[PDB]
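Residue numbers (my numbering), protein chains in the order written: chain A, 1 to 142; chain B, 1001 to 1150; chain C, 2001 to 2142; chain D, 3001 to 3049.
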Amino acid sequence: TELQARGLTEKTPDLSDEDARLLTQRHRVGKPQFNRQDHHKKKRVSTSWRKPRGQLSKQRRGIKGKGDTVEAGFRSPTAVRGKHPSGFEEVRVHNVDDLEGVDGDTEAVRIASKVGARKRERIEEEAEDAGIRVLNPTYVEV
Amino acid sequence: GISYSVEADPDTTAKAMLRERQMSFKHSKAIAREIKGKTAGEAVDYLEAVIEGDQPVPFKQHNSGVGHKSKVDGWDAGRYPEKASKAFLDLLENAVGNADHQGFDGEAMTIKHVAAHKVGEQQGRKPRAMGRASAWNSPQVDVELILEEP
Amino acid sequence: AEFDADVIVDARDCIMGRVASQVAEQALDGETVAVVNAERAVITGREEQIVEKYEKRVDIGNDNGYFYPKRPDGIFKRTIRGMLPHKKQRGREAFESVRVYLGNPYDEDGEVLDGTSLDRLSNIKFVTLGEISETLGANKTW
Amino acid sequence: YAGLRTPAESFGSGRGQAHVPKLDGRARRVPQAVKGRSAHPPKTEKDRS
RNA sequence: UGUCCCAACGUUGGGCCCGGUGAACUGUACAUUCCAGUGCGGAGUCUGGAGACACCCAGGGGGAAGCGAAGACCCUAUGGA
RNA sequence: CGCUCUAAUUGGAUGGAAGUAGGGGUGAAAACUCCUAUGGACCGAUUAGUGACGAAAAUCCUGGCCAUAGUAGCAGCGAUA
RNA sequence: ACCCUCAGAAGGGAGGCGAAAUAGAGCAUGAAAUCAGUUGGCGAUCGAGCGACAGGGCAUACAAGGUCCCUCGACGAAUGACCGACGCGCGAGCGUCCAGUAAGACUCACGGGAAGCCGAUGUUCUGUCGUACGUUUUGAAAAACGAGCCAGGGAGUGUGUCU
Ligand SMILES: *C(=O)[C@H](Cc1ccccc1)NC(=O)CCCCCN
Ligand SMILES: [Cl-]
Ligand SMILES: [Cl-]
Ligand SMILES: [Cl-]
Ligand SMILES: [Cl-]
Ligand SMILES: [Cl-]
Ligand SMILES: [Cl-]
Ligand SMILES: [Cl-]
Ligand SMILES: [Mg+2]
Ligand SMILES: [Mg+2]
Ligand SMILES: [Mg+2]
Ligand SMILES: [Mg+2]
Ligand SMILES: [Mg+2]
Ligand SMILES: [Mg+2]
Ligand SMILES: [Mg+2]
Ligand SMILES: [Mg+2]
Ligand SMILES: [Mg+2]
Ligand SMILES: [Mg+2]
Ligand SMILES: [Mg+2]
Ligand SMILES: [Mg+2]
Ligand SMILES: [Mg+2]
Ligand SMILES: [Mg+2]
Ligand SMILES: [Mg+2]
Ligand SMILES: [Mg+2]
Ligand code: NA
Ligand code: NA
Ligand code: NA
Ligand code: NA
Ligand code: NA
Ligand code: NA
Ligand code: NA
Ligand code: NA
Ligand code: NA
Ligand code: NA
Ligand code: NA
Ligand code: NA
Ligand code: NA
Ligand code: NA
Ligand code: NA
Ligand code: NA
């Protein structure tokens, strides 16, 4: 009578102490939006980042308040870079064969959006049986 | 053209529309704004008083240069848009008629929804001095109305 | 009429600027202050020059306007406002929780703030706010 | 000759307009103009071997 | 002899309000300003103060170094006629 | 990093492709990805190629659209109807 | 189609077809600028590059994020005390000891708590910084030049030779 997600939805990965420390760091520190300069002043100017090149650009000149300029120093910790907020490493999956070789303790799987309902069902049931979590599960009424 | 922008329960609702009317779109926002919430019958009486010139239609947004009117309450600028008013009478005549053919008491129904939409312009061209011409267009208006049982 | 002042200050024979500076600081700390006997507040210096300054302020102006008070009432209040960011929310709140009075409409005798009193016995060059207002043309309503 | 088949000319300064070749009050030829030539197009002469 | 002293009253068409018709110029953004200062030395927007409840109608045009025109003067180009 | 089309290898789609709207996650970032709705037939990935391959600007070009504004004009003419 | 409405072969209402009429005639999809109505936030005593980063209010169906709050305790870089004891200084105050102790960001563990609750998103308030962008220029917020807004279009290419 209610919606229930298929699979090991509550499953958490197991991480070394250092990795969970680093993962927690990333989450606490965050980063600036890094949106393009003045994207908010002109609709024709989108948010996507572009290096400010004006010789007089306030941002390019690093004037405080004109937003941060992309630099390597803003990089996330090597050990956690790319991990799902849960700690898992994602594995893009298109069919049942893609599930092979996937460590359900360390990795979770994401079913490509193009995959249809029929194949998703099969992927979702065999992924669960392999102990693998599906980040984007189907919600059936049970 | 438009489609009803508001949902309406067929069992306690009556609908009506005007299509591509060549009349002031600005006068229509004003009229719609003013008669919403009124009774179909109240709306009709109101509009005839506007046409007659005894009742002003508040012009709250498109009021540049418009002269104040004593009868306008809580505001100052107003006019007597007879053309658009006549078109709305047609709209109400239709709505109330539909309403009756369905068993309701048309006149007593409330104007739950009424809105005007500019659907285009009948393009025109006016010859000007120096061998040039400029636009001379006519607005085309659509308007929806949803009556509802009290 | 009726002002729940957490503090009642007596300006009689006190240095206006030094009183104001302290009344400003307290109002910004959340205190409701009332300055009493403004007309008897004093300012050091050569009366001739002092008066010239205030007379200049009265004369200054234009269509935009420069409303400067002549009564010892406002003179004092304008002095305080000059020590508060009266255009900011916080500033305007503090300023509005401070009122100056001619004489003392309270029952309690105000207190004298430290370092604000002027010893008439060792000082001859100074003036009374009331004297200034009379010079400015005010109506001695006290 | 795609986009070059026209005698369009530029009015130059004077009418609050950009110096763009026009014909019958319609911009032409130049690459930034709709129906204009292609600046650096595919070329038959290119050795693709 | 209303050109002037020195302006008045009047006539007609507008102007103003109402119905209908219905453009254009112009628009980086923000914008209720004023006085001073500062700044590429001629600021609604910086700095300090002052003033400032919102919206609307009519006006005569002080400012936006107002709009309009890639200065027609002057110089420069191994330019043109 | 992203775009087009070619090739090899290899996948997805009417149990709903691309696109679009709103929303969730990742990447310093170019950008990648998911969810919901819409849509109703196409769509990728890796590797090696290919090139009329990336826009905020040019008084840029074309089209569309807002303010201007219910504003100016629909009075002026020795033919005031 | 039929019926009601209407000056009406218009339009509208009701209805019928089809998987779909939000496929109904310049009719696939249906972006932005932008318009009507409406929802959330602000709002008729208050100040202008419109924001970035902090932090509060109010608002939020699910999904695709799941964290967050307080007691206590563990760990604890740099830094680093009060009080009290003694000794100086005209004085503000300083020295020695207490003590590199108490404290000390992050992180974790036990217990307790939140589900509009944490993140996130919309708007708004407070703090700090802040006079667009691009170009010309020794120097641009510039009273130097460009653009009303949006979408789409818009600029190192080919042959030959040489290195
Ligand atoms: C001399 O002073 C010139 C005379 C002249 C120039 C060209 C044609 C006829 C007469 N006058 C000017 O240069 C005036 C310039 C006006 C500039 C206004 N922004
Ligand atoms: Cl890197
Ligand atoms: Cl309109
Ligand atoms: Cl004044
Ligand atoms: Cl202030
Ligand atoms: Cl003395
Ligand atoms: Cl840590
Ligand atoms: Cl190049
Ligand atoms: Mg934008
Ligand atoms: Mg008027
Ligand atoms: Mg002619
Ligand atoms: Mg062409
Ligand atoms: Mg100021
Ligand atoms: Mg020139
Ligand atoms: Mg000459
Ligand atoms: Mg010659
Ligand atoms: Mg391969
Ligand atoms: Mg550029
Ligand atoms: Mg006007
Ligand atoms: Mg004539
Ligand atoms: Mg006559
Ligand atoms: Mg269509
Ligand atoms: Mg110079
Ligand atoms: Mg483009
Ligand atoms: Na208005
Ligand atoms: Na009234
Ligand atoms: Na009124
Ligand atoms: Na003094
Ligand atoms: Na004055
Ligand atoms: Na031709
Ligand atoms: Na060839
Ligand atoms: Na005369
Ligand atoms: Na003017
Ligand atoms: Na132009
Ligand atoms: Na907020
Ligand atoms: Na330039
Ligand atoms: Na600039
Ligand atoms: Na300047
Ligand atoms: Na325009
Ligand atoms: Na190109």
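Ideal Cβ placement from N, Cα and C applies to all residues, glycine included.
Excluding five sequence positions before and after A:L15, the CB atoms of its chain that fall closer than 6 Å to its own CB belong to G87, given in chain order. Here DSSP, grouped into helix, strand and coil, assigns C:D2004 to coil. Closest option to A:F34, judged by alpha-carbon separation, among A:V134, A:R133, A:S46 and A:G82: A:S46.
Residue state for A:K114 is assigned as coil, using DSSP reduced to three classes.
In the structure shown, the three-state DSSP call for A:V93 is strand. Here the alpha carbons of C:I2050 and C:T2135 stand approximately 11 Å from one another.
If you look at B:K1071, you'll find it isn't in any alpha helix (DSSP H); DSSP assigns it neither H nor E. Per DSSP, the beta-bridge partners of D:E3009 are D:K3022. The C-alpha of B:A1095 is placed about 15 Å away from the C-alpha of B:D1142.
A Cβ-Cβ distance of about 6 Å is found for the pair C:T2128 and C:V2042, placing them in contact under the 8 Å criterion.
Around the CB of A:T106, fewer than 16 other CB atoms lie within 10 Å, so the residue is classed as exposed. For the set C:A2001, C:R2092 and C:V2019, the Cα lying nearest the Cα of C:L2113 is the one of C:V2019. DSSP places A:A130 in the coil class of the three-state scheme, outside both helix and strand. Judged by DSSP in its simplified three-state form, B:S1138 adopts strand.
Secondary structure of C:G2082 (DSSP, three-state): coil. When the alpha-carbon of B:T1013 is set against those of B:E1034, B:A1040, B:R1021 and B:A1032, the nearest one is in B:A1040. Taking a C-beta distance under 9 Å as the contact criterion, C:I2080 and C:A2011 do not qualify as a contact pair. Counting along the chain, the unbroken beta strand (DSSP E) around B:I1111 starts and ends at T1110 to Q1122.
Counting the other CB atoms within 10 Å of its CB gives A:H27 a total below 16, which places it among the exposed residues. Placement of the Cβ of B:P1058 at a distance of 8 Å or more from every heavy atom of ligand 5 is found. In this structure, DSSP gives C:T2128 an extended state, which the three-state scheme calls strand. The closest heavy atom of ligand 40 lies less than 8 Å from the beta carbon of D:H3040. Rounded to the nearest angstrom, the gap between the Cα atoms of B:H1027 and B:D1105 is 29 Å. By the CB criterion at 9 Å, C:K2077 and C:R2099 fall inside the cutoff.
If you check the CB distance, D:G3003 and D:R3029 come in under 9 Å.
In this structure, the beta-carbon distance from B:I1002 to B:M1017 falls below 9 Å.
The Cβ atoms of B:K1060 and B:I1111 lie no closer than 9 Å to each other. Straight-line spacing of the CA atoms in C:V2035 and C:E2048 works out to 26 Å. Listed in chain order, the alpha helix (DSSP H) runs fully inside the region 1017-1069 of chain B are 1025-1035 and 1040-1052, counting runs of at least 4 residues. Comparing alpha-carbon positions, the option among C:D2063, C:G2137, C:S2097 and C:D2119 lying closest to C:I2008 turns out to be C:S2097. For the 9 Å CB-CB criterion, A:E141 and A:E2 form a contact. Ranked by Cα distance from B:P1139, the first of B:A1115, B:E1121, B:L1147 and B:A1133 is B:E1121. Contact between the region 1045-1056 of chain B and the region 1123-1132 of chain B is absent: fewer than three C-beta pairs spanning the two stretches fall below 8 Å. Between ligand 5 and the CB of C:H2086, the shortest heavy atom gap is smaller than 8 Å.
Beta-bridge analysis with DSSP links A:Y139 to A:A5. When the beta-carbon positions are compared, B:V1066 and B:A1077 come within less than 9 Å of each other.
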